[PDB]
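Quick notes on the structure that follows.
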Amino acid sequence: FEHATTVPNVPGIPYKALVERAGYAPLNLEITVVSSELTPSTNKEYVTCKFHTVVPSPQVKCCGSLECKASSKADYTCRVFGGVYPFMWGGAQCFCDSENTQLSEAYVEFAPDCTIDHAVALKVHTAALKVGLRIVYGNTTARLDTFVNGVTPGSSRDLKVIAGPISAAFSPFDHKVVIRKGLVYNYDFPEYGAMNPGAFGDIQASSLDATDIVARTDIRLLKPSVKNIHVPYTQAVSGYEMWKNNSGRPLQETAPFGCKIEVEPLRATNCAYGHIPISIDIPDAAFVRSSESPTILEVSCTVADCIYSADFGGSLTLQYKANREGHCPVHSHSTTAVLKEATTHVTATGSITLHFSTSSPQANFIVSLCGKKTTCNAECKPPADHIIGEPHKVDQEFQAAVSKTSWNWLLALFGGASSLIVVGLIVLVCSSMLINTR
Amino acid sequence: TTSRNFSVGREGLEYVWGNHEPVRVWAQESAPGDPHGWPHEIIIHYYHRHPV
Ligand SMILES: *[C@@H]1O[C@H](CO)[C@@H](O)[C@H](O)[C@H]1NC(C)=O
């Protein structure tokens, strides 16, 4: 058989349901979402980190001329200077009054420690969601893990269970993200091939150990103006460091729905939003014929006491008269309330209790014990303790917070002025005709 | 040391402090809603929750 059901997407909130077939007793069916897994597809754009200014010692051509030459190194800057007078601990290095000239060049390379301090830019898209389900039926449990896409089933005991698609798409990840040292940051990193000094992505390499680098960081040389030999370079502050200083809070402290984000797959986990439609197929052997199923006679409710608590605090008792010793299922077919146990023992004339969680003060619904229904109602009071972290709202509020007394007052309030106007018009026309008699 | 207020959400709130793991705290209603068989100012309850 096949049965469809909509389940809220939230961990640790079991959903109870039944399946009805003529000649077969109901089969209790519990669905639990063990943990969600949102994994988006990503593409590596580039990697960056704090850099290091290589400054090879200046070339010196003494008492003659020289010309600058470009190179393929990143941010390579070259400049000649005539009229220089190199001096060193040994004294004057070489000799011609201003005819000499020295060539100074500089470039940029990633620092060795970068091997652990790197920050990688990424582009993400097409978020996909993976759900782990645990399904219990007939005191037999099965585990499964399926893509939320509703064309691929889960493989477990050669059983096929389709799931999804999500009702409302949600993805905390933005189009551009940046990951560094296990932390995810939401940031619009500059596109590859476009640099801007003093900002993130000043140094960009296709890979951490890529011989080819592209980067511009506004390195300008200065003319030597000291006795000795010395190449003075002026440069803008490294962009990566300044991004580090004011990077803001990471994405852990901003993701809605409390998504726990892990880096090595770059995926969110264990977080709730929307609904999931799922169709479950059950092998026929699982069902048990009603002939051997216990039959309950003269069932009756009793609400010993109820509390309109967030957690599961409401109580209930049932009195039954049966004929065969066995087990039957149990459930509450009103969405406003959820029971705790699904199957229970039955005796000839025994009575049994149950714990249930509600969400409306006027706890009135039909509870089905084993093969037969029973209506029953009671009133619940709000709880004293008004803050807890345990599972809450096993059913969402459905404007059922209105009490029966409130409905009675509303009914007694509204007046039937329509009947009054109708009677007034009728008597008006009757009197008009009577006077028209004259 | 000081005291800090936090408007816990109607549906939940996360709490991180120090280097130990966080805790999740949610809320429910606690106003005196249902009457006791006599006339009562029930509106106040529904004013505390869903004031609009
Ligand atoms: C599951 O329920 C059936 C129905 O009463 C029972 O016969 C069977 O023994 C139960 N299985 C276990 C493991 O309790």
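Using ideal geometry, Cβ is built from the backbone for each residue, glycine included, and neighbour counts are taken over all protein chains shown. Taken together, the values in this text are just the output of simple stated rules run on the coordinates, not laboratory data.
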Radius of gyration and Dmax over the Cα atoms of the range A:45-119, both given in Å: 17.0, 53
Relative contact order (percent, whole number), chain A, Cα cutoff 8 Å, 6+ residue spacing: 16
Relative contact order (%) - the range A:1-97, alpha-carbon pairs under 8 angstrom, separation at least six: 16
Choice from A:115, A:335, A:358 with maximal GNM fluctuation in chain A (Cα, 10 Å cutoff): A:115
Helix A:417-437 vs. chain A, principal-axis angle (Cα, 0 to 90°, nearest 10): 60
Distance from the range B:17-42 to the range A:336-376 (C-alpha centre basis), Å: 26
Tensor-based shape of the protein assembly as shown (alpha-carbon gyration tensor, a/c under 1.5 rounded, otherwise prolate or oblate): prolate
Pairs beyond 23 Å (Cα-Cα), from A:160/A:372; A:340/A:373; A:50/A:73; A:123/A:160: A:160/A:372; A:123/A:160
Excluding exposed DSSP-loop GluC sites (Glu not before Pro) (at most 16 other C-beta within 10 Å), longest clean stretch of chain A: A:100-190
Those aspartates and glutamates that a straight Cα-Cα span of less than 19 Å connects to residue A:181, excepting residues fewer than 8 apart in one chain: A:45, A:113, A:117, A:202, A:209, A:241, A:253, A:262, A:264
Surface/4 estimate of mean projected area, convex hull on alpha-carbon atoms of the range A:104-146, nm²: 6.7
Listed residues A:122, A:369, A:420, most fluctuating in chain A (Gaussian network, C-alpha, under 10 Å): A:420
Cross-link reach list, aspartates and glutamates versus residue A:381, counting only Cα pairs under 17 Å and skipping chain neighbours closer than eight places: A:305, A:311, A:397, B:29, B:34, B:41
Sum of -39500 (n - 2.57) over DSSP H runs of 4+, divided by residues of the protein assembly as shown (222 nm, nearest 500): -3000 deg cm²/dmol
Whether the range A:1-158 is rounded, prolate or oblate, judged on the alpha carbon gyration tensor where a/c under 1.5 counts as rounded: prolate
FRET efficiency estimate (nearest 0.05) - Cβ-Cβ, residue A:53 to residue A:210, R0 25 angstrom: 0.85
Straight-distance crosslink candidates among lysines, where the alpha carbon sits under 21 Å from residue A:223 and sequence neighbours closer than 8 are dropped: A:61, A:69
DSSP-assigned coil residues among chymotrypsin sites (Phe, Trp or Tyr not before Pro) in the range A:1-65, each with at most 15 further Cβ atoms within 10 Å: A:1
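Let me spell out the model: positive unit charges on the Cβ of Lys and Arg, negative unit charges on the Cβ of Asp and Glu, origin at the Cα centre of the protein assembly as shown. What dipole size does that give, in debye rounded to 20? If you can, show how the numbers build up before the last one.
On the way: 39 positive and 45 negative charges, 109 e Å.
So the dipole magnitude of the protein assembly as shown works out to roughly 520 debye.
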Cα-based shape type of the range A:268-414, given that a ≥ b ≥ c are square roots of the gyration tensor eigenvalues and the cut on a/c is 1.5: oblate
³J(HN,Hα) computed for each position of the range A:321-338 - Karplus, 6.51 cos²θ - 1.76 cosθ + 1.60, integer Hz, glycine/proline x: 10, 10, 10, 10, 6, x, 10, 10, x, 8, 6, 10, 6, 8, 5, 4, 10, 10
Hydrodynamic radius (Kirkwood) for chain B, which is based on Cα pairs only, to one decimal in Å: 14.1
Inverse mean reciprocal Cα-Cα distance (Kirkwood Rh) of the range A:151-213, Å: 16.2
0 to 90° range, to nearest 10: angle between helix A:404-413 axis and chain A longest Cα axis: 70
Pairwise centroid distance, computed over Cα atoms, of the range A:93-148 with the range A:2-20, Å: 40
GluC sites (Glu not before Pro) restricted to DSSP loop in chain B with at most 15 other C-beta within 10 Å: B:11, B:41
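Pairs of Cα atoms under 8 Å, at least six residues apart: use those to get the relative contact order of the range A:294-438, whole percent.
Relative contact order for the range A:294-438 comes out at 24 percent.
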Neighbour-count ranking [beta-carbon atoms within 10 angstrom, fewest first] of A:428, A:159: A:428, A:159
